[PDB]
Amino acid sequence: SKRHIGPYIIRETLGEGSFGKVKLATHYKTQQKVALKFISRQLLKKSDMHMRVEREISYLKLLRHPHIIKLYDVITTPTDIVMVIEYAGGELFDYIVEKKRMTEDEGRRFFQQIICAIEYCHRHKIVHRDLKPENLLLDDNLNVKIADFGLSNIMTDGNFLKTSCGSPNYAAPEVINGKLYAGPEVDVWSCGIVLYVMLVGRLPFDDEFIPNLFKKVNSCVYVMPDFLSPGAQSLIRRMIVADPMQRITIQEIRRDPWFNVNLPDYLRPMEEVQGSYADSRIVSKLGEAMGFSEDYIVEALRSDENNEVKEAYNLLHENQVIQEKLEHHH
């Protein structure tokens, strides 16, 4: 290229994603690192599908949660559409095994970040729900950043060929007898697994004597290390339940006493009003990113109910309130 793209001057290519290179760049005046994901317009056309992408991304344009990697912008060049993705150099599991076994105040800190992240999805019907070690990133403040941008282990390892369960590059489509892989209760199962791993250091379902030997997944998990508190066991026991239907939901996880201990304010539950979709501060913004038009937006927001717009309003509003609780606070 020209070495530049928008405010971002290229700096190094970190790995290769199917549709193009993933490059590291820094805002030209600010120095802010950022990850530039390249999508070839050529290759887009070739696959008889560009519409689902073009929109899947203008959609992401408006998710701004503290524990989900942000899409700051989409920049189209004559040859590529490049997604400007938030930068994060660490991987949660790497930290797990270095710390080996964490304290409860630590496991819980991380766990709250993850549970709140996927609740924000479930609530805005997003599918940013792939939760494998590669998707669980960490920034310099040890904050979890869930990443589902088909980035493999590029930002952590440089390894763009890492793949795991649930992906076509990993295994055949039929292996996953699940179109229900989009069930909210799958995210609770995975989250239960991560919690155990963070708190215990090893994985569950292990033969009790032989080290790292997978045994079986019983209907539920009875015995766990005694160093795990009763609050921690009870919660895990309620997440790693075989039958999806007997599994706890994130609504309940969020009312749980254990889970709530030390919950940072910007993460507290919000049982929102709603009303007045009459804020021009966000009305103007609903344009810039979602695209669309003012009056169209202004119109949509008089209706006597839920378009895709009387909720992208509420999404931008939720993002605002939790950005205020983050900074106008200690």
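Residue positions are given as counts along the sequence shown, with the first one as 1.
For the stretches 90-98 and 182-190, which has the higher mean C-alpha B-factor as given in the deposited record?
Per the PDB record, 182-190.
Decide which of the stretches 214-222 and 232-240 has the higher mean C-alpha B-factor, going by the entry.
Mean CA B-factor is higher for 214-222.
When you compare the CA B-factors of 263, 297, 69, 35 as listed in the entry, which one comes out on top?
If I rank 263, 297, 69, 35 by C-alpha B-factor, first place goes to 297.
I'd like to know which of 112, 79, 143, 251 has the highest C-alpha temperature factor in the PDB entry.
Most elevated C-alpha B-factor of the set, per the entry: 79.
Going by the CA temperature factor in the PDB record, which third of the chain does residue 31 belong to: lowest, middle or highest?
For residue 31, whose C-alpha B-factor we compare with every modelled residue in the chain, the answer is the middle third.
Consider only the C-alpha atoms of the modelled residues in this chain, order them by B-factor as the entry records it, and name the third containing residue 120: lowest, middle or highest.
Its C-alpha B-factor, which the entry lists for residue 120, ranks in the middle third among residues of this chain.
Thinking about Cα B factors across the chain, which third does residue 206 belong to?
For residue 206, the deposited C-alpha B-factor lands in the middle third.
Taking the values exactly as deposited, rank residue 65 by C-alpha B-factor within its chain and report the matching third: lowest, middle or highest.
For residue 65, the deposited C-alpha B-factor lands in the lowest third.
Lowest, middle or highest third of the chain for the C-alpha temperature factor of residue 103?
As the PDB entry reports it, the C-alpha B-factor of residue 103 lands in the middle third of its chain.
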